[PDB]
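**Student:** Below is a structure I'd like to ask you about.
All Cβ positions, even for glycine, are placed from backbone atoms using ideal geometry, and neighbour counts span all protein chains on display. Coordinate-derived values only; no laboratory data.
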There are 2 protein chains.
Amino acid sequence: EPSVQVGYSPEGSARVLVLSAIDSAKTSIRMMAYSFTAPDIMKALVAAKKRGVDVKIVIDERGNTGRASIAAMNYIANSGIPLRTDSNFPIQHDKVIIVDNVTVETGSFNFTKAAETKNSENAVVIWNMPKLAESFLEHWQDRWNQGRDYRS
Amino acid sequence: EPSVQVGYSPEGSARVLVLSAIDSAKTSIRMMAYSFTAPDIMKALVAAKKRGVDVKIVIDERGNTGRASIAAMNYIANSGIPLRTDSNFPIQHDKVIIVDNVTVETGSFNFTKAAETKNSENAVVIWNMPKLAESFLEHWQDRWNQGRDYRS
C-alpha cells in the first residue's frame with residue numbers, strides 16, 4: 001500500500017509530481033511553505049478548494065513580503081482558503097503538503113517558479129502512510145496554531 | 001522492509017535523525033547539499049569515512065563561499081572525502097543523503113546550525129527502497145559529474 005514517487009528540477013518532474021499530489025486530494029490539504037509564489041501551484045490549490053477539498057495553508061511571514069508572494073497570498077485568500085503567516089521562527093523553512101491525512105509531499109522544492117525551472121531540486125510524495133502523515137500534521141498544526149490569519 | 005522516519009527542527013529530532021542516517025552507513029554515502037556548514041554533520045561524515053564508508057559529496061558552489069562553508073569544505077577534503085562544487089544551477093538546492101544505495105534522507109533541512117536549532121524544518125529518512133535510492137543516485141551523479149573538485 002505505501003509507495004513513494006520522486007521528481008526533480010529543473011528537469012520538470014518535481015513540478016508535475018507536486019501538482020499531481022494536490023490534484024489527488026479528495027478531502028484535505030495541509031500545506032506549509034517558505035517562499036509562496038508559484039502561480040500554477042496556486043491555481044491547483046484553489047481548484048482543490050473548488051473540488052471541495054479542505055485546504056489550509058501556513059507560510060513563512062518574513063520571506064513572503066514580495067510582490068509575487070502578495071499576489072499569490074491574495075489569490076488564495078480570495079478563494080476562501082484559510083491562510084496564515086508564521087513569524088515565530090527565523091524561517092518557517094518546510095516545503096510540505098499533507099494530502100488526505102495519509103500522504104506527504106516534501107523535499108527541497110519551494111513553491112516558486114525558480115524551484116520549478118531553474119534550481120536543482122527534488123520532491124517526493126510518500127503515499128498512504130497514515131502514521132507518517134499524522135506526525136507531519138502535528139508539525140503543521142503547531143506552526144498553524146501560532147500563525148496570523150491573512151484574509152481577503 | 002521499506003519504512004520512513006521523520007524528524008523536525010528546531011525540536012531537535014531532525015538533526016538526530018540525519019546523524020542517525022549517516023551513522024547507519026556501512027558501505028556508501030552520496031550527498032548533495034546547498035549550504036554546507038554544520039560541524040556535527042561534518043564530524044559524522046568523516047567518521048563514516050574512517051569506518052570505511054565510500055563518501056562523495058557535491059555541494060552548491062555559490063552558496064558556499066562563507067567562512068564556515070570553507071572550514072567545513074577544508075575539513076571534509078582534508079579527510080580524503082571526494083568533494084565537488086556545482087555552479088551549473090543558479091542553486092543546487094537539494095538537501096539529500098543517499099545511504100548504501102537503498103536509503104534516502106531528504107527534506108527542507110539544510111546542513112547548517114540554523115537548520116538544526118532555529119528554523120522550522122523537516123527531515124525524512126526513507127529506509128530500504130532500492131528503486132527510490134537508485135533514482136536519487138542518478139540525480140546525484142548528474143550534478144556530481146558537472147562539479148569541480150575541491151581538494152586538500
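**Student:** Against the condition in a loop (DSSP other than H, G, I, E, B), in contact (Cβ under 8 Å) with a residue 12 or more places away in the chain and of a type in the set (S, T, N, Q), how does B:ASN101 come out, does it pass?
**Tutor:** yes
**Student:** Evaluate the following for A:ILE76: is it hydrophobic (A, V, I, L, M, F, W, C), out of contact with any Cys (no Cβ under 8 Å at 6 or more places or on another chain) and in contact (Cβ under 8 Å) with a residue 12 or more places away in the chain?
**Tutor:** yes
**Student:** Taking the residues in region B:69-79 that are buried (at least 16 other Cβ atoms within 10 Å of the Cβ) and of a type in the set (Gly, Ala, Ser) as candidates, determine which candidate is nearest to B:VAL18 (Cα to Cα).
**Tutor:** B:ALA72
**Student:** Does region B:1-35 hold any residues that are in a strand (DSSP E or B), over 22 Å from A:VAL96 (Cα atoms) and within 14 Å of chain A (Cβ to nearest Cβ), and which are they?
**Tutor:** Result: B:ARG30, single match.
**Student:** Read through the list (1) in a helix (DSSP H, G or I); (2) crowded, with 24+ Cβ neighbours inside 10 Å, then give the number of the only condition that B:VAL58 fails.
**Tutor:** Going through the list (1) in a helix (DSSP H, G or I); (2) crowded, with 24+ Cβ neighbours inside 10 Å, B:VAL58 breaks only (1).
**Student:** Tally time: how many residues in region A:81-115 are under 12 Å from the mean Cα position of the chain (by Cα), within 20 Å of B:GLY63 (Cβ to Cβ) and among the charged types (D, E, K, R)?
**Tutor:** Selection size over region A:81-115: 2.
**Student:** Within region B:116-135, work out how many residues are at the interface with chain A (Cβ under 7 Å from one of its Cβ atoms), of a type in the set (A, V, I, L, M, F, W, C) and either assigned to a helix (DSSP H, G or I) or under 15 Å from the mean Cα position of the chain (by Cα) (or both).
**Tutor:** Counting residues in region B:116-135 that are at the interface with chain A (Cβ under 7 Å from one of its Cβ atoms), of a type in the set (A, V, I, L, M, F, W, C) and either assigned to a helix (DSSP H, G or I) or under 15 Å from the mean Cα position of the chain (by Cα) (or both) gives 3.
**Student:** Let me ask something else. Which of the residues belonging to region A:36-55 are among the β-branched types (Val, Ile, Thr) and in a helix (DSSP H, G or I)?
**Tutor:** Within region A:36-55, A:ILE41, A:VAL46 qualify.
**Student:** Of B:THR85, B:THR65, which residue is touching a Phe, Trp or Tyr at 6+ places or on another chain (Cβ under 7 Å) and hydroxyl-bearing (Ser, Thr, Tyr)?
**Tutor:** When all the criteria are applied, what remains is B:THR85.
**Student:** Taking the criterion of being closer than 19 Å to B:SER9 by Cβ, away from chain B (no Cβ under 11 Å) and acidic (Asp, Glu), would at least one residue in region A:55-62 satisfy it?
**Tutor:** Yes - at least one qualifying residue is present in region A:55-62.
**Student:** Being among the aliphatic types (A, V, I, L, M) and touching a residue at least 40 places away in the same chain (Cβ under 8 Å) is the filter here, so list the residues in region A:115-149 that pass it.
**Tutor:** Within region A:115-149, A:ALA115, A:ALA123, A:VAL124, A:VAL125, A:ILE126, A:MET129, A:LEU137 qualify.
**Student:** Looking at A:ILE70, A:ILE91, A:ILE81, which is the one that is touching an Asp or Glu at 6+ places or on another chain (Cβ under 7 Å), farther than 24 Å from A:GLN5 by Cβ and free of Cβ contacts under 8 Å to residues at least 60 places away in the same chain?
**Tutor:** Only one candidate qualifies: A:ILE91.
**Student:** Let me ask something else about it. Which of (1) out of contact with any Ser or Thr (no Cβ under 9 Å at 6 or more places or on another chain); (2) farther than 23 Å from A:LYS43 by Cα; (3) of a type outside the set (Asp, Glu) is the odd one out, the single condition A:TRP144 does not satisfy?
**Tutor:** All conditions are met except number (2).
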